[PDB]
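One file, my_file09.cif, is given below (mmCIF, C-alpha atoms and all ligand atoms).
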```
data_model
#
loop_
_atom_site.group_PDB
_atom_site.id
_atom_site.type_symbol
_atom_site.label_atom_id
_atom_site.label_comp_id
_atom_site.auth_asym_id
_atom_site.auth_seq_id
_atom_site.Cartn_x
_atom_site.Cartn_y
_atom_site.Cartn_z
ATOM 1 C CA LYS H 1 4.620 27.332 7.637
ATOM 2 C CA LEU H 2 4.591 23.950 9.362
ATOM 3 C CA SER H 3 3.753 24.046 13.048
ATOM 4 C CA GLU H 4 5.865 22.067 15.494
ATOM 5 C CA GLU H 5 2.919 19.654 15.710
ATOM 6 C CA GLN H 6 2.872 19.164 11.935
ATOM 7 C CA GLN H 7 6.637 18.625 11.875
ATOM 8 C CA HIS H 8 6.221 15.974 14.587
ATOM 9 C CA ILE H 9 3.576 14.195 12.484
ATOM 10 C CA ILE H 10 5.949 14.084 9.510
ATOM 11 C CA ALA H 11 8.852 12.868 11.663
ATOM 12 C CA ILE H 12 6.707 10.071 13.094
ATOM 13 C CA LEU H 13 5.581 8.957 9.630
ATOM 14 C CA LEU H 14 9.103 9.038 8.173
ATOM 15 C CA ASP H 15 10.314 6.918 11.094
ATOM 16 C CA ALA H 16 7.346 4.577 10.631
ATOM 17 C CA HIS H 17 8.053 4.073 6.931
ATOM 18 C CA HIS H 18 11.765 3.525 7.468
ATOM 19 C CA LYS H 19 11.040 0.838 10.073
ATOM 20 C CA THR H 20 8.664 -0.971 7.703
ATOM 21 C CA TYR H 21 10.324 -0.550 4.286
ATOM 22 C CA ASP H 22 13.570 -2.400 3.593
ATOM 23 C CA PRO H 23 15.216 -0.999 0.435
ATOM 24 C CA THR H 24 17.769 -3.831 0.522
ATOM 25 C CA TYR H 25 14.950 -6.380 -0.011
ATOM 26 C CA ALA H 26 16.973 -8.834 2.077
ATOM 27 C CA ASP H 27 13.937 -10.859 3.219
ATOM 28 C CA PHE H 28 12.841 -11.859 -0.298
ATOM 29 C CA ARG H 29 15.021 -14.993 -0.099
ATOM 30 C CA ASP H 30 12.576 -16.281 2.547
ATOM 31 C CA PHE H 31 9.626 -16.315 0.136
ATOM 32 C CA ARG H 32 8.619 -19.309 -1.915
ATOM 33 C CA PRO H 33 10.699 -19.083 -5.107
ATOM 34 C CA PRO H 34 9.475 -17.215 -8.170
ATOM 35 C CA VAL H 35 8.787 -19.461 -11.136
ATOM 36 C CA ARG H 36 8.846 -18.145 -14.709
ATOM 37 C CA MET H 37 9.678 -19.378 -18.213
ATOM 38 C CA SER H 38 1.638 -22.915 -15.482
ATOM 39 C CA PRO H 39 -0.765 -19.869 -15.642
ATOM 40 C CA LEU H 40 -0.201 -19.382 -11.885
ATOM 41 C CA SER H 41 3.504 -20.162 -11.487
ATOM 42 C CA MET H 42 4.155 -16.828 -9.731
ATOM 43 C CA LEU H 43 1.274 -17.131 -7.249
ATOM 44 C CA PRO H 44 3.291 -18.729 -4.380
ATOM 45 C CA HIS H 45 6.076 -16.132 -4.538
ATOM 46 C CA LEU H 46 3.769 -13.151 -5.030
ATOM 47 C CA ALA H 47 1.413 -14.396 -2.305
ATOM 48 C CA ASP H 48 4.404 -14.420 0.052
ATOM 49 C CA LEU H 49 5.437 -10.951 -1.120
ATOM 50 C CA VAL H 50 1.905 -9.630 -0.578
ATOM 51 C CA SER H 51 1.665 -11.290 2.852
ATOM 52 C CA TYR H 52 5.015 -9.776 3.828
ATOM 53 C CA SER H 53 3.772 -6.405 2.576
ATOM 54 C CA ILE H 54 0.540 -6.648 4.586
ATOM 55 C CA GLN H 55 2.690 -7.107 7.688
ATOM 56 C CA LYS H 56 4.631 -3.949 6.797
ATOM 57 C CA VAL H 57 1.469 -1.927 6.139
ATOM 58 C CA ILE H 58 0.062 -2.914 9.533
ATOM 59 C CA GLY H 59 3.350 -1.939 11.151
ATOM 60 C CA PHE H 60 3.206 1.446 9.431
ATOM 61 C CA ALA H 61 -0.451 2.050 10.274
ATOM 62 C CA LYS H 62 0.048 1.361 13.977
ATOM 63 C CA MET H 63 2.489 4.310 14.089
ATOM 64 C CA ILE H 64 0.129 6.811 12.412
ATOM 65 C CA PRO H 65 -0.683 9.437 15.106
ATOM 66 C CA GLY H 66 -4.063 8.534 16.544
ATOM 67 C CA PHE H 67 -4.552 5.281 14.613
ATOM 68 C CA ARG H 68 -4.036 3.034 17.640
ATOM 69 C CA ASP H 69 -6.515 5.170 19.607
ATOM 70 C CA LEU H 70 -9.371 4.059 17.374
ATOM 71 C CA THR H 71 -11.337 1.007 18.408
ATOM 72 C CA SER H 72 -9.717 -2.240 17.332
ATOM 73 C CA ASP H 73 -12.722 -2.946 15.091
ATOM 74 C CA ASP H 74 -12.174 0.327 13.220
ATOM 75 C CA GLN H 75 -8.438 -0.359 12.970
ATOM 76 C CA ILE H 76 -9.247 -3.725 11.388
ATOM 77 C CA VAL H 77 -11.842 -2.271 9.000
ATOM 78 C CA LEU H 78 -9.441 0.452 7.872
ATOM 79 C CA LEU H 79 -6.559 -1.975 7.330
ATOM 80 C CA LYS H 80 -8.664 -4.622 5.572
ATOM 81 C CA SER H 81 -9.987 -1.958 3.189
ATOM 82 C CA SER H 82 -6.741 -0.049 2.597
ATOM 83 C CA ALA H 83 -4.021 -2.726 2.649
ATOM 84 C CA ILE H 84 -4.085 -3.459 -1.099
ATOM 85 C CA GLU H 85 -4.014 0.277 -1.842
ATOM 86 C CA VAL H 86 -1.068 0.977 0.465
ATOM 87 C CA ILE H 87 0.762 -1.967 -1.100
ATOM 88 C CA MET H 88 0.173 -0.443 -4.536
ATOM 89 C CA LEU H 89 1.393 2.943 -3.240
ATOM 90 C CA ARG H 90 4.435 1.701 -1.332
ATOM 91 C CA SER H 91 5.416 -0.545 -4.261
ATOM 92 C CA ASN H 92 5.989 2.641 -6.293
ATOM 93 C CA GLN H 93 9.330 3.027 -4.506
ATOM 94 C CA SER H 94 10.609 -0.058 -6.346
ATOM 95 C CA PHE H 95 8.816 0.731 -9.623
ATOM 96 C CA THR H 96 11.086 1.759 -12.510
ATOM 97 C CA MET H 97 9.788 3.562 -15.584
ATOM 98 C CA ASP H 98 12.583 2.172 -17.777
ATOM 99 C CA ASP H 99 10.704 -1.098 -18.282
ATOM 100 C CA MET H 100 7.449 -0.757 -16.285
ATOM 101 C CA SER H 101 8.518 -3.198 -13.582
ATOM 102 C CA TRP H 102 8.954 -3.422 -9.822
ATOM 103 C CA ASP H 103 12.704 -3.874 -9.274
ATOM 104 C CA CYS H 104 13.300 -5.324 -5.806
ATOM 105 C CA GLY H 105 17.093 -5.665 -5.892
ATOM 106 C CA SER H 106 17.748 -8.532 -8.315
ATOM 107 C CA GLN H 107 16.539 -10.122 -11.534
ATOM 108 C CA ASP H 108 14.795 -12.904 -9.595
ATOM 109 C CA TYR H 109 12.849 -10.232 -7.680
ATOM 110 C CA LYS H 110 12.041 -7.940 -10.605
ATOM 111 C CA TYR H 111 8.336 -8.187 -11.432
ATOM 112 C CA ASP H 112 6.858 -7.203 -14.786
ATOM 113 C CA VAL H 113 3.320 -7.395 -16.140
ATOM 114 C CA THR H 114 3.813 -11.042 -17.125
ATOM 115 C CA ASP H 115 4.762 -11.951 -13.548
ATOM 116 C CA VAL H 116 1.615 -10.285 -12.212
ATOM 117 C CA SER H 117 -0.491 -12.144 -14.777
ATOM 118 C CA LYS H 118 1.221 -15.331 -13.541
ATOM 119 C CA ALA H 119 -0.430 -14.760 -10.167
ATOM 120 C CA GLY H 120 -3.823 -14.901 -11.908
ATOM 121 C CA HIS H 121 -4.468 -11.261 -12.683
ATOM 122 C CA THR H 122 -5.608 -9.918 -16.042
ATOM 123 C CA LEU H 123 -5.006 -6.761 -18.037
ATOM 124 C CA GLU H 124 -8.198 -5.241 -16.585
ATOM 125 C CA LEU H 125 -6.175 -4.766 -13.392
ATOM 126 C CA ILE H 126 -2.613 -4.713 -14.701
ATOM 127 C CA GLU H 127 -3.100 -1.933 -17.265
ATOM 128 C CA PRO H 128 -4.625 0.615 -14.818
ATOM 129 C CA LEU H 129 -2.094 -0.535 -12.208
ATOM 130 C CA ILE H 130 0.835 0.305 -14.483
ATOM 131 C CA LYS H 131 -0.820 3.580 -15.492
ATOM 132 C CA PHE H 132 -1.145 4.414 -11.791
ATOM 133 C CA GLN H 133 2.496 3.581 -11.056
ATOM 134 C CA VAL H 134 3.709 5.794 -13.913
ATOM 135 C CA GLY H 135 1.379 8.623 -12.911
ATOM 136 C CA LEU H 136 2.462 8.439 -9.275
ATOM 137 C CA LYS H 137 6.146 8.186 -10.190
ATOM 138 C CA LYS H 138 5.874 11.284 -12.402
ATOM 139 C CA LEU H 139 4.681 13.301 -9.393
ATOM 140 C CA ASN H 140 8.216 12.974 -7.940
ATOM 141 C CA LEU H 141 6.860 13.036 -4.403
ATOM 142 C CA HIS H 142 9.074 13.963 -1.510
ATOM 143 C CA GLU H 143 9.292 11.116 0.964
ATOM 144 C CA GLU H 144 7.306 13.362 3.321
ATOM 145 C CA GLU H 145 4.475 13.504 0.778
ATOM 146 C CA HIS H 146 4.713 9.765 0.100
ATOM 147 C CA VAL H 147 4.331 8.780 3.758
ATOM 148 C CA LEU H 148 1.569 11.339 4.316
ATOM 149 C CA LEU H 149 -0.320 9.930 1.319
ATOM 150 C CA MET H 150 -0.091 6.366 2.647
ATOM 151 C CA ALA H 151 -1.309 7.531 6.048
ATOM 152 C CA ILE H 152 -4.208 9.533 4.562
ATOM 153 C CA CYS H 153 -5.090 6.481 2.481
ATOM 154 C CA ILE H 154 -5.307 4.256 5.572
ATOM 155 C CA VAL H 155 -7.359 6.590 7.786
ATOM 156 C CA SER H 156 -10.175 7.196 5.312
ATOM 157 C CA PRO H 157 -13.527 7.623 7.087
ATOM 158 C CA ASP H 158 -15.603 6.555 4.076
ATOM 159 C CA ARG H 159 -14.423 2.943 4.190
ATOM 160 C CA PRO H 160 -17.248 0.392 4.452
ATOM 161 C CA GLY H 161 -17.817 -0.712 8.029
ATOM 162 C CA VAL H 162 -16.160 2.243 9.777
ATOM 163 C CA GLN H 163 -18.051 2.914 13.014
ATOM 164 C CA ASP H 164 -16.456 6.055 14.484
ATOM 165 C CA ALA H 165 -16.230 7.895 11.173
ATOM 166 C CA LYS H 166 -15.837 11.293 12.855
ATOM 167 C CA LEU H 167 -12.817 10.104 14.834
ATOM 168 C CA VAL H 168 -11.228 8.656 11.696
ATOM 169 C CA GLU H 169 -11.943 11.897 9.834
ATOM 170 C CA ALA H 170 -10.282 13.902 12.610
ATOM 171 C CA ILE H 171 -7.030 11.989 12.149
ATOM 172 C CA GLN H 172 -7.204 12.240 8.358
ATOM 173 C CA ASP H 173 -7.828 15.990 8.587
ATOM 174 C CA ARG H 174 -4.685 16.441 10.704
ATOM 175 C CA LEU H 175 -2.734 14.482 8.098
ATOM 176 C CA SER H 176 -4.318 16.317 5.155
ATOM 177 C CA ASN H 177 -3.665 19.722 6.709
ATOM 178 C CA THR H 178 -0.074 18.637 7.341
ATOM 179 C CA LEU H 179 0.270 17.561 3.707
ATOM 180 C CA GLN H 180 -1.197 20.805 2.338
ATOM 181 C CA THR H 181 1.021 22.902 4.598
ATOM 182 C CA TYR H 182 4.074 20.834 3.646
ATOM 183 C CA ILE H 183 3.395 21.271 -0.073
ATOM 184 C CA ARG H 184 2.942 25.027 0.293
ATOM 185 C CA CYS H 185 6.032 25.713 2.412
ATOM 186 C CA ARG H 186 8.481 22.897 1.557
ATOM 187 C CA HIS H 187 7.766 21.695 -1.984
ATOM 188 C CA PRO H 188 9.637 24.018 -4.367
ATOM 189 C CA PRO H 189 7.686 25.514 -7.262
ATOM 190 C CA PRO H 190 6.551 24.638 -9.780
ATOM 191 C CA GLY H 191 6.383 21.086 -8.416
ATOM 192 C CA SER H 192 3.749 22.237 -5.920
ATOM 193 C CA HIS H 193 1.476 23.026 -8.916
ATOM 194 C CA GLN H 194 -1.880 21.408 -8.090
ATOM 195 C CA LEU H 195 0.127 18.689 -6.359
ATOM 196 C CA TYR H 196 -2.436 18.253 -3.586
ATOM 197 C CA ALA H 197 -5.334 17.830 -6.019
ATOM 198 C CA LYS H 198 -3.243 15.338 -8.005
ATOM 199 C CA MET H 199 -2.450 13.362 -4.848
ATOM 200 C CA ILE H 200 -6.159 13.313 -3.955
ATOM 201 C CA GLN H 201 -6.916 12.004 -7.444
ATOM 202 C CA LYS H 202 -4.386 9.219 -6.820
ATOM 203 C CA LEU H 203 -6.452 8.186 -3.797
ATOM 204 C CA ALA H 204 -9.493 8.026 -6.078
ATOM 205 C CA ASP H 205 -7.549 5.896 -8.571
ATOM 206 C CA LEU H 206 -6.545 3.558 -5.743
ATOM 207 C CA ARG H 207 -10.215 3.017 -4.904
ATOM 208 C CA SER H 208 -10.811 1.911 -8.494
ATOM 209 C CA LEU H 209 -7.758 -0.358 -8.402
ATOM 210 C CA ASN H 210 -8.968 -1.769 -5.073
ATOM 211 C CA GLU H 211 -12.345 -2.709 -6.541
ATOM 212 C CA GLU H 212 -10.803 -4.422 -9.569
ATOM 213 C CA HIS H 213 -8.158 -6.253 -7.551
ATOM 214 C CA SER H 214 -10.811 -7.427 -5.081
ATOM 215 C CA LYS H 215 -12.999 -8.674 -7.929
ATOM 216 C CA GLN H 216 -10.108 -10.676 -9.373
ATOM 217 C CA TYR H 217 -8.926 -11.770 -5.914
ATOM 218 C CA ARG H 218 -12.396 -13.070 -5.043
ATOM 219 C CA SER H 219 -12.548 -15.000 -8.320
ATOM 220 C CA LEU H 220 -9.065 -16.453 -7.825
ATOM 221 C CA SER H 221 -9.467 -17.292 -4.128
ATOM 222 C CA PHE H 222 -12.888 -18.869 -4.719
ATOM 223 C CA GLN H 223 -11.019 -21.825 -6.221
ATOM 224 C CA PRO H 224 -9.729 -23.784 -3.198
ATOM 225 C CA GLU H 225 -6.646 -24.928 -5.114
ATOM 226 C CA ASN H 226 -5.649 -21.264 -5.461
ATOM 227 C CA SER H 227 -6.517 -20.346 -1.858
ATOM 228 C CA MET H 228 -4.279 -23.242 -0.786
ATOM 229 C CA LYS H 229 -1.350 -21.312 -2.300
ATOM 230 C CA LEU H 230 -2.056 -18.126 -0.310
ATOM 231 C CA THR H 231 -0.951 -17.398 3.268
ATOM 232 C CA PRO H 232 -2.962 -17.284 6.500
ATOM 233 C CA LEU H 233 -2.542 -13.510 6.736
ATOM 234 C CA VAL H 234 -3.597 -12.898 3.126
ATOM 235 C CA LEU H 235 -6.741 -14.971 3.694
ATOM 236 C CA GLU H 236 -7.484 -13.129 6.946
ATOM 237 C CA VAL H 237 -6.941 -9.609 5.609
ATOM 238 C CA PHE H 238 -8.021 -9.909 1.957
ATOM 239 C CA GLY H 239 -10.824 -12.372 2.665
ATOM 240 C CA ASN H 240 -11.684 -16.070 2.687
ATOM 241 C CA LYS I 1 -14.921 -13.410 11.700
ATOM 242 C CA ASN I 2 -12.061 -12.763 14.087
ATOM 243 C CA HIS I 3 -8.759 -11.316 12.866
ATOM 244 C CA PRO I 4 -6.240 -12.643 15.402
ATOM 245 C CA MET I 5 -3.173 -12.272 13.187
ATOM 246 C CA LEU I 6 -4.080 -8.715 12.189
ATOM 247 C CA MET I 7 -4.861 -7.918 15.831
ATOM 248 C CA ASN I 8 -1.563 -9.372 17.042
ATOM 249 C CA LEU I 9 0.357 -7.280 14.518
ATOM 250 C CA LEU I 10 -1.508 -4.208 15.824
ATOM 251 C CA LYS I 11 -0.404 -4.803 19.439
HETATM 252 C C1 LIG P 1 -4.207 -13.835 -5.562
HETATM 253 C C2 LIG P 1 -2.905 -13.108 -5.915
HETATM 254 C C3 LIG P 1 -2.886 -11.705 -5.296
HETATM 255 O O1 LIG P 1 -4.039 -10.995 -5.664
HETATM 256 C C4 LIG P 1 -2.867 -11.794 -3.767
HETATM 257 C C5 LIG P 1 -1.724 -12.663 -3.240
HETATM 258 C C6 LIG P 1 -1.684 -10.938 -5.852
HETATM 259 O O2 LIG P 1 -1.730 -9.643 -5.320
HETATM 260 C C7 LIG P 1 -0.707 -8.758 -5.690
HETATM 261 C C8 LIG P 1 -0.783 -7.461 -5.203
HETATM 262 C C9 LIG P 1 0.196 -6.540 -5.533
HETATM 263 C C10 LIG P 1 1.252 -6.916 -6.341
HETATM 264 SI SI1 LIG P 1 2.562 -5.630 -6.782
HETATM 265 C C11 LIG P 1 1.736 -3.936 -6.884
HETATM 266 C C12 LIG P 1 3.285 -6.074 -8.473
HETATM 267 C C13 LIG P 1 3.934 -5.474 -5.502
HETATM 268 C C14 LIG P 1 5.189 -5.022 -5.890
HETATM 269 C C15 LIG P 1 6.201 -4.859 -4.950
HETATM 270 C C16 LIG P 1 5.946 -5.158 -3.621
HETATM 271 O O3 LIG P 1 6.932 -5.012 -2.635
HETATM 272 C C17 LIG P 1 7.921 -4.048 -2.874
HETATM 273 C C18 LIG P 1 8.372 -3.400 -1.556
HETATM 274 O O4 LIG P 1 7.354 -2.575 -1.085
HETATM 275 C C19 LIG P 1 8.693 -4.438 -0.474
HETATM 276 C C20 LIG P 1 9.839 -3.905 0.395
HETATM 277 C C21 LIG P 1 9.462 -3.800 1.880
HETATM 278 O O5 LIG P 1 8.273 -3.599 2.234
HETATM 279 O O6 LIG P 1 10.351 -3.911 2.769
HETATM 280 C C22 LIG P 1 4.688 -5.610 -3.242
HETATM 281 C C23 LIG P 1 3.672 -5.767 -4.169
HETATM 282 C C24 LIG P 1 1.337 -8.213 -6.837
HETATM 283 C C25 LIG P 1 0.351 -9.136 -6.508
#
```
Take the structure in this file and express it as structure tokens.
Ligand SMILES: CCC(O)(CC)COc1ccc([Si](C)(C)c2ccc(OC[C@@H](O)CCC(=O)O)cc2)cc1
Amino acid sequence: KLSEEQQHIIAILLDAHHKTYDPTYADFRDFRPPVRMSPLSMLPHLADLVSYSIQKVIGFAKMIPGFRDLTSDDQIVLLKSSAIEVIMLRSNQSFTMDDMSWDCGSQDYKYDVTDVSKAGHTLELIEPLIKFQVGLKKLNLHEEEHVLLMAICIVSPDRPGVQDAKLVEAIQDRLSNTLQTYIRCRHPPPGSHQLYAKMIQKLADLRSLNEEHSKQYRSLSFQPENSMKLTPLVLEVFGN
Amino acid sequence: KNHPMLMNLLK
């Protein structure tokens, strides 16, 4: 059974997600407009969406119990390394399996594989990305499990550049033990069937997606005309 | 490099 401490962790993470995820998508009007019908016509809009999402991921991470107690250098390392993965994870909430798209409230803000390719990305990323979204969606995670998985993703001690790896691991262990205990005592069978191992495998998949996205991001952002279309925060967090 | 925007969002 969940301890009071573990229940507090879950409550904090649910609150953190709800303060940083807007299921009305009301801010999307502020982004540069999507353009479809120009191999990069969607780059300005999707750069703004990604930048917006980085802000949300930072806001979520700062609420993870213990995260703000790490050194600021480790906080930065963890966020720089995990941000793209948490974006991929949190985007699953808008992903719909009926047409393999991210539906953010309106047709203008419904993104399919063509839209992602129109930000410069290729099938080498988009195909595993869609496969990941479908696989994650088919787990039918409780929101508790979803916010625990994002938190575990962020506080991973094996990220490159982490200095106090043992302190990071201590936070992740608290979160992992909370997730395992939640699955065992609150996820009804058979849905709990190897759910933890499957969620861990999703973290492995996100590492592979991270490497491919970074490879394509580095190639795209190396061209100054493309970097010009990004945002200051994207350049700072994803690299310049 | 420095990460002032990331750092400000962490405060
Ligand atoms: C150089 C181009 C570059 O590489 C970097 C600019 C492009 O990178 C990308 C990264 C990821 C994606 Si996407 C998995 C298709 C995605 C989908 C929905 C999102 O948001 C939905 C909700 O989570 C917001 C609601 C809220 O948070 O309130 C966010 C992202 C697309 C482009």
Quick one: residues within 12 Å of (2.7, 18.0, 4.2) (file frame), counting all atoms listed in the file, please, as JSON, numbers by chain. {"H": [1, 2, 3, 5, 6, 7, 8, 9, 10, 11, 13, 14, 141, 142, 143, 144, 145, 146, 147, 148, 149, 151, 152, 173, 174, 175, 176, 177, 178, 179, 180, 181, 182, 183, 184, 185, 186, 187, 192, 195, 196, 199]}
Closest atom pairs, chain H residues within 7 Å of ligand LIG 1 (chain P), all atoms listed in the file, as a Markdown table:
```
| residue | atom | partner | partner_atom | distance |
| --- | --- | --- | --- | --- |
| H:20 | CA | P:LIG1 | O6 | 6.0 |
| H:21 | CA | P:LIG1 | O6 | 3.7 |
| H:22 | CA | P:LIG1 | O6 | 3.7 |
| H:23 | CA | P:LIG1 | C20 | 6.1 |
| H:25 | CA | P:LIG1 | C20 | 5.7 |
| H:43 | CA | P:LIG1 | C2 | 6.0 |
| H:46 | CA | P:LIG1 | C25 | 5.5 |
| H:47 | CA | P:LIG1 | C5 | 3.7 |
| H:49 | CA | P:LIG1 | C22 | 5.8 |
| H:50 | CA | P:LIG1 | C5 | 5.4 |
| H:53 | CA | P:LIG1 | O5 | 5.3 |
| H:56 | CA | P:LIG1 | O5 | 5.8 |
| H:84 | CA | P:LIG1 | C8 | 6.6 |
| H:87 | CA | P:LIG1 | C23 | 5.7 |
| H:88 | CA | P:LIG1 | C11 | 4.5 |
| H:90 | CA | P:LIG1 | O4 | 5.2 |
| H:91 | CA | P:LIG1 | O4 | 4.2 |
| H:93 | CA | P:LIG1 | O4 | 6.9 |
| H:94 | CA | P:LIG1 | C17 | 5.9 |
| H:102 | CA | P:LIG1 | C14 | 5.7 |
| H:104 | CA | P:LIG1 | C17 | 6.3 |
| H:111 | CA | P:LIG1 | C12 | 6.2 |
| H:116 | CA | P:LIG1 | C24 | 5.8 |
| H:119 | CA | P:LIG1 | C2 | 5.2 |
| H:120 | CA | P:LIG1 | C2 | 6.3 |
| H:213 | CA | P:LIG1 | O1 | 6.6 |
| H:217 | CA | P:LIG1 | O1 | 5.0 |
| H:220 | CA | P:LIG1 | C1 | 6.0 |
| H:221 | CA | P:LIG1 | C1 | 6.5 |
| H:230 | CA | P:LIG1 | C5 | 6.2 |
| H:234 | CA | P:LIG1 | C5 | 6.6 |
```
Dump as a PDB file, in the frame of the given file, selection limited to C-alpha atoms:
```pdb
ATOM      1  CA  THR H  20       8.664  -0.971   7.703  1.00  0.00           C
ATOM      2  CA  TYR H  21      10.324  -0.550   4.286  1.00  0.00           C
ATOM      3  CA  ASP H  22      13.570  -2.400   3.593  1.00  0.00           C
ATOM      4  CA  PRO H  23      15.216  -0.999   0.435  1.00  0.00           C
ATOM      5  CA  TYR H  25      14.950  -6.380  -0.011  1.00  0.00           C
ATOM      6  CA  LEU H  43       1.274 -17.131  -7.249  1.00  0.00           C
ATOM      7  CA  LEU H  46       3.769 -13.151  -5.030  1.00  0.00           C
ATOM      8  CA  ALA H  47       1.413 -14.396  -2.305  1.00  0.00           C
ATOM      9  CA  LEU H  49       5.437 -10.951  -1.120  1.00  0.00           C
ATOM     10  CA  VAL H  50       1.905  -9.630  -0.578  1.00  0.00           C
ATOM     11  CA  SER H  53       3.772  -6.405   2.576  1.00  0.00           C
ATOM     12  CA  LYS H  56       4.631  -3.949   6.797  1.00  0.00           C
ATOM     13  CA  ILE H  84      -4.085  -3.459  -1.099  1.00  0.00           C
ATOM     14  CA  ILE H  87       0.762  -1.967  -1.100  1.00  0.00           C
ATOM     15  CA  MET H  88       0.173  -0.443  -4.536  1.00  0.00           C
ATOM     16  CA  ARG H  90       4.435   1.701  -1.332  1.00  0.00           C
ATOM     17  CA  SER H  91       5.416  -0.545  -4.261  1.00  0.00           C
ATOM     18  CA  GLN H  93       9.330   3.027  -4.506  1.00  0.00           C
ATOM     19  CA  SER H  94      10.609  -0.058  -6.346  1.00  0.00           C
ATOM     20  CA  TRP H 102       8.954  -3.422  -9.822  1.00  0.00           C
ATOM     21  CA  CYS H 104      13.300  -5.324  -5.806  1.00  0.00           C
ATOM     22  CA  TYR H 111       8.336  -8.187 -11.432  1.00  0.00           C
ATOM     23  CA  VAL H 116       1.615 -10.285 -12.212  1.00  0.00           C
ATOM     24  CA  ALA H 119      -0.430 -14.760 -10.167  1.00  0.00           C
ATOM     25  CA  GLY H 120      -3.823 -14.901 -11.908  1.00  0.00           C
ATOM     26  CA  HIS H 213      -8.158  -6.253  -7.551  1.00  0.00           C
ATOM     27  CA  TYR H 217      -8.926 -11.770  -5.914  1.00  0.00           C
ATOM     28  CA  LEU H 220      -9.065 -16.453  -7.825  1.00  0.00           C
ATOM     29  CA  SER H 221      -9.467 -17.292  -4.128  1.00  0.00           C
ATOM     30  CA  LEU H 230      -2.056 -18.126  -0.310  1.00  0.00           C
ATOM     31  CA  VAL H 234      -3.597 -12.898   3.126  1.00  0.00           C
TER      32      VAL H 234
END
```
May I have a table of the residues of chain H lying at most 9 Å from chain I, giving each one's closest pair of atoms and their distance in Å to one decimal, counting all atoms listed in the file, ordered by chain and ascending residue number, as JSON lines?
```
{"residue": "H:55", "atom": "CA", "partner": "I:9", "partner_atom": "CA", "distance": 7.2}
{"residue": "H:58", "atom": "CA", "partner": "I:10", "partner_atom": "CA", "distance": 6.6}
{"residue": "H:59", "atom": "CA", "partner": "I:9", "partner_atom": "CA", "distance": 7.0}
{"residue": "H:61", "atom": "CA", "partner": "I:10", "partner_atom": "CA", "distance": 8.4}
{"residue": "H:62", "atom": "CA", "partner": "I:10", "partner_atom": "CA", "distance": 6.1}
{"residue": "H:68", "atom": "CA", "partner": "I:10", "partner_atom": "CA", "distance": 7.9}
{"residue": "H:72", "atom": "CA", "partner": "I:7", "partner_atom": "CA", "distance": 7.6}
{"residue": "H:75", "atom": "CA", "partner": "I:10", "partner_atom": "CA", "distance": 8.4}
{"residue": "H:76", "atom": "CA", "partner": "I:6", "partner_atom": "CA", "distance": 7.2}
{"residue": "H:79", "atom": "CA", "partner": "I:6", "partner_atom": "CA", "distance": 8.7}
{"residue": "H:232", "atom": "CA", "partner": "I:5", "partner_atom": "CA", "distance": 8.4}
{"residue": "H:233", "atom": "CA", "partner": "I:5", "partner_atom": "CA", "distance": 6.6}
{"residue": "H:236", "atom": "CA", "partner": "I:3", "partner_atom": "CA", "distance": 6.3}
{"residue": "H:237", "atom": "CA", "partner": "I:6", "partner_atom": "CA", "distance": 7.2}
```
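Going from atom CA of residue 240 of chain H to atom CA of residue 81 of chain H covers 14.2 Å.
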Rounded to one decimal place, report the atom CA of residue 12 of chain H-atom CA of residue 206 of chain H distance in Å.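 Computed distance, atom CA of residue 12 of chain H to atom CA of residue 206 of chain H, equals 23.9 Å.
Taking atom CA of residue 130 of chain H and atom CA of residue 198 of chain H as endpoints, the distance between them is 16.9 Å.
Nearest to residue 123 of chain H of all the residues H:212, H:15, H:169, H:4 is H:212, based on all atoms listed in the file.
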Pick from H:101, H:108, H:121, H:140 nearest to residue 29 of chain H, counting all atoms listed in the file: H:108
I need the residue set behind the PyMOL selection byres (((chain H and resi 97) around 9) and not hetatm) for this file; please write it as a CSV table (one decimal) with C-alpha atoms, in the coordinates of the input.
```csv
chain,number,residue,atom,x,y,z
H,95,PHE,CA,8.8,0.7,-9.6
H,96,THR,CA,11.1,1.8,-12.5
H,98,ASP,CA,12.6,2.2,-17.8
H,99,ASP,CA,10.7,-1.1,-18.3
H,100,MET,CA,7.4,-0.8,-16.3
H,101,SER,CA,8.5,-3.2,-13.6
H,133,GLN,CA,2.5,3.6,-11.1
H,134,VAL,CA,3.7,5.8,-13.9
H,137,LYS,CA,6.1,8.2,-10.2
```
Given 8 Å on each side, where is the centre and what are the edge lengths in Å to one decimal of the axis-aligned box enclosing the listed atoms of chain I, as lines of an AutoDock Vina configuration file?
```
center_x = -7.3
center_y = -8.8
center_z = 15.6
size_x = 31.3
size_y = 25.2
size_z = 23.7
```
